[PDB]
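Enquirer: Provided herewith is a single structure, encoded as structure tokens, for subsequent inquiry.
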Amino acid sequence: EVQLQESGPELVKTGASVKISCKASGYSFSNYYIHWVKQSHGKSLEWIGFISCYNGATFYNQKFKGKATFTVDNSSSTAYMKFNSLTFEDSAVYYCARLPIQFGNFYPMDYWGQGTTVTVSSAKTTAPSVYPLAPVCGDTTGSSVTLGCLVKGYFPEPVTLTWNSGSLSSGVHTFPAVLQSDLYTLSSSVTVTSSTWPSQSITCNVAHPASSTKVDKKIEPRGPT
Amino acid sequence: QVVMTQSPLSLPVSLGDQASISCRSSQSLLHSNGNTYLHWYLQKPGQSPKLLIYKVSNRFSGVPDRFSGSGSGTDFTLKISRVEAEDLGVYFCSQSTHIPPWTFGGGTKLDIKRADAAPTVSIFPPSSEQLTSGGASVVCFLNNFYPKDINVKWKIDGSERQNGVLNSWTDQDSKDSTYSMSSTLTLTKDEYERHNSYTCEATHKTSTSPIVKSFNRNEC
């Protein structure tokens, strides 16, 4: 029944600061260190530092000295990490993890939080352009047909993409967004039987909450010119 | 700083078989007190890392005996017997013999083995709507293939084109254990409408020949 519950995702502007929390439960809070660890997408975990929940003492990895500040609120069983002067390179998932005081200094970090994603960018909110991708013009000779939807040039994540308002869920691949020149691009494919489309409408539905936009693009067969 | 190196980055295994994940440290993890502080964790997407094995071979609370650890000095192995679907995720090692800092391996992601499958390849010219906007993206989907390694090559009027290409890959599918990929070539409308032929070529171990999908702006 040990749990470390971390605060939610953060989107922060270049040069600003953010403070993320780690709330402990199910154990004697003051008998442990809380460590903080960085996980840049597709890289090894990188240890940042620790704070003692017994007496508040801190120790920081020199690479993060000046960047990260640890605190604890003993009364709420909560540890905090504050980050100042955020840069693109600070975009990562940050974990808290506890480490007992009482089983020697070399005991492992034995319970972890679920992680907090921090995204740092100078970009301004930007609605996507949503493009329907119909097959090459011609004759679909196969038993099935693949359609697409391109969602280009938005910020921030996330978007929601559905096909036929969710009624079309099988045969869908919605691809992770890629970030280029401060903006995201995502695509999705859907594959149906050739007797399904174009005889029945297929529409890609895209929502970008941050611009409060909601677009439907029907996939239309291409003309011969 | 003790550097932990893990292999492989991706480990295919069929359900019911034993998986073996290796960790190497840049410096012996035997402490002068006789103990060796090498530990193994499992992380599933979006979930907290979970401690599995500590001090080379000790199973942590609730960890079943299908998990075992071995090794000494700089070389360590995590063995998972009878791999199941709930075992799927990223496994990573860490050391606490030489601290600070605590350091971590780069992780090994389990891959479910299945029958080889060639990708299904589909190419998409720019939409009329994007062309009206002044842009041109050509999209290629390479769907439902196995194993995960694949290469895509773009050609314009027969000539290889690397600039302007952005790729994205799905994680292994939970239904059929295949992988998929999307590749987008973005050009200015001005440059798109100077050329005639556009081609996406997929190279996958399922054929010595690439799967080629092409279109011509000139005619259907």
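Residue numbering restarts at 1 in every chain; chains get A, B, ... in the order shown in the structure tokens, and ligands count up from 1 in that same order.
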Can you tell me which residues surround residue 109 (chain A) at a distance of at most 6 Å, considering only C-alpha atoms, apart from same-chain residues fewer than 6 positions away, and format the answer as an mmCIF file with N, CA and C atoms, in the first residue's frame?
Expert:
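Printed below is selection_38.cif as written:
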data_model
loop_
_atom_site.group_PDB
_atom_site.id
_atom_site.type_symbol
_atom_site.label_atom_id
_atom_site.label_comp_id
_atom_site.auth_asym_id
_atom_site.auth_seq_id
_atom_site.Cartn_x
_atom_site.Cartn_y
_atom_site.Cartn_z
ATOM 1 N N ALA A 97 11.237 9.038 -6.214
ATOM 2 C CA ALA A 97 11.370 7.665 -5.754
ATOM 3 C C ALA A 97 11.848 7.703 -4.311
ATOM 4 N N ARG A 98 11.335 6.797 -3.480
ATOM 5 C CA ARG A 98 11.738 6.798 -2.082
ATOM 6 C C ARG A 98 12.910 5.845 -1.889
ATOM 7 N N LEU A 99 13.699 6.116 -0.857
ATOM 8 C CA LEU A 99 14.829 5.265 -0.515
ATOM 9 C C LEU A 99 14.917 5.215 1.008
#
Enquirer: Could you pull the residues within 12 Å of residue 157 (chain A), counting only C-alpha atoms, minus those fewer than 2 positions along the same chain, as a VMD selection string?
Expert: chain A and resid 9 to 11 117 to 121 123 to 128 151 to 155 159 to 160 176 to 179 182 to 186 207 to 211
Enquirer: Output N, CA, C and O atoms for every residue in that selection, as a compact mmCIF listing (two decimals), in the first residue's frame.
Expert:
# COMPACT_ATOMS: atom_id res chain seq x y z
N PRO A 9 0.64 16.77 -15.70
CA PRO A 9 1.55 17.28 -16.74
C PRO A 9 1.62 18.80 -16.74
O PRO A 9 0.62 19.48 -16.52
N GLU A 10 2.81 19.33 -17.04
CA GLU A 10 3.05 20.77 -17.11
C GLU A 10 3.54 21.19 -18.50
O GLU A 10 4.37 20.50 -19.11
N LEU A 11 3.04 22.33 -18.96
CA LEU A 11 3.50 23.01 -20.18
C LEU A 11 4.00 24.39 -19.78
O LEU A 11 3.22 25.22 -19.28
N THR A 117 5.23 14.64 -16.67
CA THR A 117 5.78 15.17 -17.91
C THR A 117 5.86 16.69 -17.82
O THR A 117 4.89 17.35 -17.44
N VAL A 118 7.03 17.23 -18.16
CA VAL A 118 7.25 18.67 -18.27
C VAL A 118 7.67 18.95 -19.70
O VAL A 118 8.67 18.41 -20.18
N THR A 119 6.91 19.80 -20.39
CA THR A 119 7.21 20.22 -21.75
C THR A 119 7.54 21.71 -21.72
O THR A 119 6.76 22.50 -21.19
N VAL A 120 8.69 22.08 -22.29
CA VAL A 120 9.17 23.46 -22.29
C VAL A 120 9.23 23.94 -23.73
O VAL A 120 9.84 23.30 -24.59
N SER A 121 8.61 25.09 -24.00
CA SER A 121 8.58 25.61 -25.36
C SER A 121 8.29 27.10 -25.34
O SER A 121 7.61 27.60 -24.43
N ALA A 123 6.74 28.32 -28.00
CA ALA A 123 5.72 28.41 -29.04
C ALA A 123 4.41 28.93 -28.47
O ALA A 123 4.14 28.84 -27.27
N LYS A 124 3.59 29.49 -29.35
CA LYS A 124 2.27 29.97 -29.01
C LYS A 124 1.23 28.98 -29.52
O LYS A 124 1.48 28.22 -30.46
N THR A 125 0.07 28.97 -28.87
CA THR A 125 -1.00 28.06 -29.25
C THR A 125 -1.31 28.22 -30.73
O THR A 125 -1.38 29.34 -31.24
N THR A 126 -1.47 27.09 -31.41
CA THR A 126 -1.66 27.04 -32.87
C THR A 126 -2.55 25.86 -33.22
O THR A 126 -2.17 24.71 -32.98
N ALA A 127 -3.71 26.13 -33.83
CA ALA A 127 -4.60 25.07 -34.26
C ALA A 127 -3.99 24.31 -35.44
O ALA A 127 -3.28 24.89 -36.26
N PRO A 128 -4.25 23.01 -35.54
CA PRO A 128 -3.73 22.24 -36.67
C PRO A 128 -4.50 22.51 -37.95
O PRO A 128 -5.66 22.90 -37.94
N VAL A 151 -2.54 15.76 -39.69
CA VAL A 151 -2.84 16.79 -38.71
C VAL A 151 -1.55 17.57 -38.50
O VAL A 151 -0.67 17.14 -37.74
N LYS A 152 -1.42 18.71 -39.17
CA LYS A 152 -0.12 19.35 -39.32
C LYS A 152 -0.07 20.71 -38.65
O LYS A 152 -0.99 21.52 -38.77
N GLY A 153 1.02 20.94 -37.95
CA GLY A 153 1.38 22.27 -37.51
C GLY A 153 0.66 22.79 -36.28
O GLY A 153 0.28 23.96 -36.26
N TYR A 154 0.51 21.98 -35.23
CA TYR A 154 -0.20 22.45 -34.05
C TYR A 154 0.70 22.54 -32.83
O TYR A 154 1.76 21.92 -32.76
N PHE A 155 0.24 23.34 -31.87
CA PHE A 155 0.90 23.41 -30.58
C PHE A 155 -0.11 23.87 -29.55
O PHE A 155 -0.92 24.74 -29.86
N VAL A 159 -3.80 16.42 -29.38
CA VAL A 159 -5.01 16.40 -30.19
C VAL A 159 -5.71 15.08 -29.93
O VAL A 159 -5.12 14.11 -29.46
N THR A 160 -7.00 15.05 -30.22
CA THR A 160 -7.75 13.81 -30.27
C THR A 160 -8.17 13.59 -31.71
O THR A 160 -8.67 14.51 -32.35
N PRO A 176 2.31 8.48 -33.26
CA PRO A 176 2.83 9.50 -32.35
C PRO A 176 3.19 10.77 -33.10
O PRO A 176 3.75 10.74 -34.19
N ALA A 177 2.90 11.90 -32.47
CA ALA A 177 3.24 13.18 -33.07
C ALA A 177 4.75 13.37 -33.10
O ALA A 177 5.48 12.85 -32.25
N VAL A 178 5.21 14.11 -34.09
CA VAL A 178 6.61 14.50 -34.20
C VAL A 178 6.69 16.02 -34.17
O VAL A 178 5.82 16.72 -34.71
N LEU A 179 7.74 16.51 -33.53
CA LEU A 179 7.93 17.93 -33.27
C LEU A 179 9.00 18.47 -34.21
O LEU A 179 10.15 18.02 -34.17
N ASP A 182 9.13 23.77 -33.66
CA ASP A 182 8.26 24.19 -32.57
C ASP A 182 6.82 23.66 -32.71
O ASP A 182 6.04 23.82 -31.78
N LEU A 183 6.45 23.01 -33.82
CA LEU A 183 5.09 22.56 -34.02
C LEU A 183 5.02 21.05 -34.21
O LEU A 183 5.97 20.42 -34.69
N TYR A 184 3.87 20.49 -33.87
CA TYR A 184 3.65 19.06 -33.96
C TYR A 184 2.92 18.68 -35.23
O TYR A 184 2.10 19.43 -35.75
N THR A 185 3.20 17.47 -35.70
CA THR A 185 2.47 16.87 -36.80
C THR A 185 2.20 15.41 -36.48
O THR A 185 3.06 14.69 -35.97
N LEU A 186 0.99 14.97 -36.81
CA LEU A 186 0.52 13.63 -36.51
C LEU A 186 -0.25 13.14 -37.73
O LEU A 186 -0.78 13.94 -38.51
N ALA A 207 -9.82 17.06 -32.68
CA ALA A 207 -10.04 18.09 -31.67
C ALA A 207 -8.69 18.53 -31.13
O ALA A 207 -7.84 17.69 -30.80
N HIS A 208 -8.48 19.84 -31.05
CA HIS A 208 -7.30 20.41 -30.41
C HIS A 208 -7.78 21.30 -29.27
O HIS A 208 -8.13 22.47 -29.51
N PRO A 209 -7.85 20.80 -28.03
CA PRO A 209 -8.46 21.61 -26.96
C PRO A 209 -7.82 22.98 -26.78
O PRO A 209 -8.53 23.95 -26.49
N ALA A 210 -6.50 23.09 -26.95
CA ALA A 210 -5.83 24.34 -26.59
C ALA A 210 -6.25 25.49 -27.49
O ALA A 210 -6.24 26.65 -27.06
N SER A 211 -6.61 25.22 -28.74
CA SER A 211 -7.25 26.23 -29.57
C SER A 211 -8.77 26.09 -29.59
O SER A 211 -9.44 26.85 -30.29
Enquirer: Excluding residue 77 (chain A) and any residue of its chain fewer than 6 positions from it, enumerate the residues within 6 Å of it, using only C-alpha atoms, and give them as a ChimeraX atom specification.
Expert: /A:23-24,29
Enquirer: Taking N, CA, C and O atoms for each residue, export the selection above as a PDB file, in the first residue's frame.
Expert:
ATOM      1  N   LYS A  23       3.298  13.153  -3.570  1.00  0.00           N
ATOM      2  CA  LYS A  23       2.606  12.911  -2.306  1.00  0.00           C
ATOM      3  C   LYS A  23       2.697  11.435  -1.936  1.00  0.00           C
ATOM      4  O   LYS A  23       2.263  10.571  -2.706  1.00  0.00           O
ATOM      5  N   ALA A  24       3.230  11.159  -0.748  1.00  0.00           N
ATOM      6  CA  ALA A  24       3.454   9.807  -0.263  1.00  0.00           C
ATOM      7  C   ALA A  24       2.294   9.338   0.600  1.00  0.00           C
ATOM      8  O   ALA A  24       1.611  10.135   1.243  1.00  0.00           O
ATOM      9  N   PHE A  29       6.500   8.557   6.484  1.00  0.00           N
ATOM     10  CA  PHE A  29       7.130   9.463   5.521  1.00  0.00           C
ATOM     11  C   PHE A  29       8.555   9.847   5.920  1.00  0.00           C
ATOM     12  O   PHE A  29       9.451   9.914   5.063  1.00  0.00           O
TER      13      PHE A  29
END
Enquirer: Tell me the residues of chain B close to chain A, meaning within 6 Å using only C-alpha atoms, as an MDAnalysis selection string.
Expert: chainID B and resid 47:49 51 96 104 106 124 170 220
Enquirer: Residues at most 12 Å from residue 27 (chain B), counting only C-alpha atoms, excluding those fewer than 4 positions away in the same chain, as a PyMOL selection string?
Expert: chain B and resi 1-5+23+31+36+38+72-75+95-98+103
Enquirer: Convert the current residue selection to file output with C-alpha atoms, as a JSON list (two decimals), in the first residue's frame.
Expert:
[["chain", "number", "residue", "atom", "x", "y", "z"],
["B", 1, "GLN", "CA", 29.92, 8.14, -12.42],
["B", 2, "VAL", "CA", 29.35, 4.43, -12.99],
["B", 3, "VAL", "CA", 28.00, 3.92, -16.50],
["B", 4, "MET", "CA", 25.47, 1.10, -16.88],
["B", 5, "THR", "CA", 25.17, -0.39, -20.37],
["B", 23, "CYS", "CA", 23.65, -5.22, -17.76],
["B", 31, "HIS", "CA", 31.47, -3.19, -2.49],
["B", 36, "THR", "CA", 26.92, -6.19, -4.77],
["B", 38, "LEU", "CA", 22.84, -4.19, -8.70],
["B", 72, "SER", "CA", 29.12, -10.58, -10.37],
["B", 73, "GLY", "CA", 31.65, -7.80, -10.81],
["B", 74, "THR", "CA", 30.67, -5.87, -13.94],
["B", 75, "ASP", "CA", 28.32, -8.36, -15.64],
["B", 95, "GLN", "CA", 23.58, 0.43, -9.31],
["B", 96, "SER", "CA", 23.95, 1.84, -5.81],
["B", 97, "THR", "CA", 27.42, 0.55, -4.95],
["B", 98, "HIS", "CA", 29.20, 3.77, -5.94],
["B", 103, "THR", "CA", 23.00, 5.45, -12.27]]
